[PDB]
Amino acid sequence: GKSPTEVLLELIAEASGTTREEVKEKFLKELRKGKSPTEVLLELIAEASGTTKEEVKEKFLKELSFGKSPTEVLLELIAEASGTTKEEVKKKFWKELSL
């Protein structure tokens, strides 16, 4: 998938055991309710890990407060959700972006 968002949604699908289109459609529908893309990604990640959305959102925000970058944090959260390494998820991200 071309864009960074599309690649994140693909990674979330893999972590969720759902299709890329299913995740995309959930993402689009939530945006239509007036949510922001970052907020929606965090909810999707929470769903994928079986964790509450508030817990995932607070972790994100705390990491940002430490001076981490948003995409980096999202990747780390996706890695937590799939039980894979941060390094493995980041590799996939850059690979998929690359094509």
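Note that residue numbering begins at 1 and tracks the sequence as displayed.
Of the two segments examined, 7-15 and 85-93, it is 85-93 that shows the higher average Cα temperature factor in the deposited entry. The PDB entry assigns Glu47 a C-alpha temperature factor belonging to the highest third of its chain's modelled residues. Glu80: CA B factor lies in the highest third for its chain, per the PDB record. Sort the chain's modelled residues by C-alpha temperature factor and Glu55 lands in the highest third, per the entry.
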